[PDB]
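One chain comes next, on its own, written as structure tokens: the form deposited in one PDB entry.
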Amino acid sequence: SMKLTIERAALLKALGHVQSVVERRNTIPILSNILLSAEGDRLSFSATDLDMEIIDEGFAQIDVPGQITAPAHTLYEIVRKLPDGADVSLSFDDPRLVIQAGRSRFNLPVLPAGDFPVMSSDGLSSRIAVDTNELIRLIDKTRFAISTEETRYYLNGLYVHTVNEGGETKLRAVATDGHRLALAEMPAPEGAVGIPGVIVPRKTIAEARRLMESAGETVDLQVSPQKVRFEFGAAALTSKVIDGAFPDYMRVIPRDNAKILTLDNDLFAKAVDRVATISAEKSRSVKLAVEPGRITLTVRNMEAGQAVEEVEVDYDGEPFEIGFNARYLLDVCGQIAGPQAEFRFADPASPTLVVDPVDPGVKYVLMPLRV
């Protein structure tokens, strides 16, 4: 038996945190459930998709301790729709979970707690406190470049690791999908120096980042070669990592591109977006005809449509033509923090570096395509 009462707001806060992990499509019914575990003065909540597990805790008045599983999204929506201030009773005498508040009564089917997946966290490092805003930045500056593919390939997560440069150790995140790269870094907090490099799955980053919005001043990170764990206070997210070595991305990031050009980032981005409008295609390529003082942008669609726009830029080198996917270019322009962007080109077939003058702790790479 389990039997308790909990304030709607506390119940809603916890269910809200954990239910995000549950895939709407699930042909294994137990993976649609939350594990509820009541003991002492706390109701604990766990949900999983097998690759990761979110846990949270709320205060509750516990008459009889116990554990049961119940449908996650349905439980969340019931509680959401209960009146403000409602005190919520959870109990069992059918074999269903009884949720009772004011004049509403719900009976949900349950599944036994013993069939609920167990996520082991053996051999994690000690907790590493990382400033929340700094961590949010590592993710927001890079996340867009992680592939959206449905595999467990190394490109489908964010490579988190430390490196030694500029007379200190940095905590770095690198994302690449084979078409583009993003890199962001920060001075390594105490305890992060020399963590093993881990590839954190895309969905895990998305969930961590969501939980970061409601976190405090810091989030604790723990890492092992098999597992990564984020603690946000009462909530925690534990995840598998992608197995295998991440590519030697330091060879992909060009160091010696000598054709340097600076431009007004907002004007350029608007010009790119404008010329790209000619095409409705999923991928749209834009030609950059670069010459002293100017970039001429051209997009063509699959039905003889054409758009051209000239943008003045700061450049004095040899003229050349280079092509990029317009979405990848706009993604980079979207991350630039100030009004200028700096591009470093070599030849039309080589990777292009984009640097942000107001932030030396990011690097973006664009891969050219045929123009």
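Residue positions are given as counts along the sequence shown, with the first one as 1. If you superpose the two forms and keep the largest set of C-alpha atoms that fall within 1.5 Å, you have the rigid core.
key: Between neighbours residue 107 and residue 106, residues that the deposited sequence lists but the model omits   = Unmodelled stretch: none, continuous chain.
inquiry  = Regarding 61-69 and 320-328, which shows the higher C-alpha temperature factor on average in the entry?
reply    = Looking at the record's C-alpha B-factors, the answer is 61-69.
inquiry  = If you average the CA temperature factors as listed in the entry, which stretch comes out higher, 97-105 or 116-124?
reply    = The recorded data point to 116-124.
Residue of maximum C-alpha B factor among 274, 152, 81, 141, per deposited coordinates = Across 274, 152, 81, 141, the entry lists the biggest C-alpha B-factor for 152.
ask   = Which listed residue, 214, 262, 238, 296, has the largest C-alpha temperature factor in the record?
value = Answer for 214, 262, 238, 296: 214, with the highest C-alpha B-factor.
task = Check where residue 287 lands among this chain's C-alpha B-factors and tell me if it's the lowest, middle or highest third.
result = For residue 287, whose C-alpha B-factor we compare with every modelled residue in the chain, the answer is the lowest third.
message = Per the entry's values, where does residue 205 land by CA temperature factor relative to the rest of its chain, in the lowest, middle or highest third?
response = Lowest third - that is where residue 205 ends up once the chain's C-alpha B-factors are sorted.
query = Ranked by Cα temperature factor within the chain, is residue 44 in the lowest third, the middle third or the highest third?
reply = For residue 44, the deposited C-alpha B-factor lands in the middle third.
task = Tell me, lowest, middle or highest third: where does the Cα B factor of residue 6 rank within its chain?
result = Middle third by C-alpha B-factor.
key: Record-listed C-alpha B factor of residue 146: chain third   = Tercile = lowest for this residue's CA B-factor.
Below, we turn to the form deposited in another entry, even though it does not appear here.
task = Identify which of 126, 133, 151, 283 has its C-alpha displaced by 2 Å or more between the shown form and the other one once the rigid core is superposed.
result = With the rigid core fitted, the residue that moves is 151.
query = Out of closer and farther, which fits the Cα atoms of residue 177 and residue 152 in the other form compared with this form, where the change is 3 Å or more?
reply = Compared with this form, residue 177 and residue 152 lie closer in the other form.
query = Closer or farther apart in the other form, the C-alpha atoms of residue 226 and residue 151, for a change of 3 Å or more?
reply = Farther: residue 226 and residue 151 separate by 3 Å or more in the other form.
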